[PDB]
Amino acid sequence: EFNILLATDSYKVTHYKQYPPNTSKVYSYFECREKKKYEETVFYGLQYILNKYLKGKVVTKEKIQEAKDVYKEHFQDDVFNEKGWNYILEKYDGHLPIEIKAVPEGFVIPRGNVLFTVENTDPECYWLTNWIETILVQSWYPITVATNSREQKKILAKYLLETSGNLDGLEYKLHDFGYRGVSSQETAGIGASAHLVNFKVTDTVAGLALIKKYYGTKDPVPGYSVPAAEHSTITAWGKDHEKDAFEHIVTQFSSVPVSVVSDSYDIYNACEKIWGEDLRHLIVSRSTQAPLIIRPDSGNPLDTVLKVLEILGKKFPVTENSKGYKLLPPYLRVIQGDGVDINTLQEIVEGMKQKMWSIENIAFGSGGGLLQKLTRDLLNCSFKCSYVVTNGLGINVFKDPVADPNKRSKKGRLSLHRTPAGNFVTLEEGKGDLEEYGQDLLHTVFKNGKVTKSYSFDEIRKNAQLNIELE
């Protein structure tokens, strides 16, 4: 079972001995710090953490003793605030005396703004605010996946609108293939859920149960997939029988969309000769609702996509849409699912546009690039103490390292507001109390062991919409 007393960075066990004596309040905040592009971030994932790890009775006698035993050996010393944890157990039935205020999930906020704040609600527990830094800071991950996925959606939307005149199918154009490429089962669920803020296609099944349990949707599920081959289901037929494998697979799945990996031996031959000649009669008969989706999986992503489109354009009847771009017949599409990240996605759609191919023709699959190749440094996700009360006096505190102004932190009590022009501003030093800027956009989401405000996944998706979608 999970033990909150063992879910912090080891050194934090020692901090209750290090704060100024007579400190009754420690107040801290999280931001995606501005860096002298990712100019705005999607706030998402805190609700998972609050419910799974922070709410209710999280302290017991047994958990205190377990932590005491471990820390004794881990430090080779007895440092451990047993009294402080016993107080929470006895006075609050093991519920954390902490208040967290947060911007609503799904909100899209420019860099350098307060996204949530944390403070103790009982003077005895001044040390607890930063105990839970480690677990709260892991919100960097769903924030960053959601943000990077949304930035890819912006690229897709721009190029889809330009080459086709509309955004039809946009939510189905970036498919999460990252289950095997992330570092754990838990990561898989969190990351997949964050991608579903922006799109509706995933093979990372773990995301669905997370959303159902912690957020919820009106629809039965938040994300969908379609039948698809992998190299094993092609290669198992033997080298000389790739055509037999293809025929078997498209016939088994004759009335739904089906994706077929086509580069086991020679992607160009498969497209031109197997699909384009031997099995053409099985492709041109398919429904618009059940296309064959050809899947290259190797070679230079841009070069390969363009050559695949060139081959198919010569074997199948291509039309020219009203924007002047070429379009494959509706029973035939392509998905590029190798080597896709935000940079290569951009290169591919631009290369397609230059060669006059509509983005209607293609979808992308991304795995490691979508869910694993991301770090806390990307958006400078960071949690810092900005205000303490010592001897009954509040003081505004901060760091400001001489050699790195980008690491300077905010001072005092913070609040988030709309500006007169409709943008966002973070007010420092308790200046939100002057009430010159309308209502604080942070809301209490957790107080004294209870989750006090929750969002559905539908609301989160609404908050995270692109401007181009709004228009």
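Note that residue numbering begins at 1 and tracks the sequence as displayed.
- Comparing the deposited coordinates for 439-447 and 24-32, the stretch with the larger average C-alpha B-factor is 439-447.
- Stretches compared: 61-69, 40-48. Higher mean C-alpha B-factor in the entry: 61-69.
- Between the residues 185, 113, 285, 375, it is 285 that shows the highest Cα B-factor in the PDB record.
- Across the residues 176, 360, 171, 240, the deposited record lists the maximum Cα B factor for 240.
- When the modelled residues of the chain are ordered by C-alpha B-factor, residue 418 sits in the highest third.
- Ranked by Cα temperature factor within the chain, residue 464 sits in the middle third according to the deposited record.
- Looking at the C-alpha B-factors along this chain, the one for residue 320 belongs to the middle third.
- Among all modelled residues in its chain, residue 12 ranks in the lowest third by Cα B-factor.
- When all modelled residues of the chain are sorted by CA temperature factor, residue 385 is found within the lowest third.
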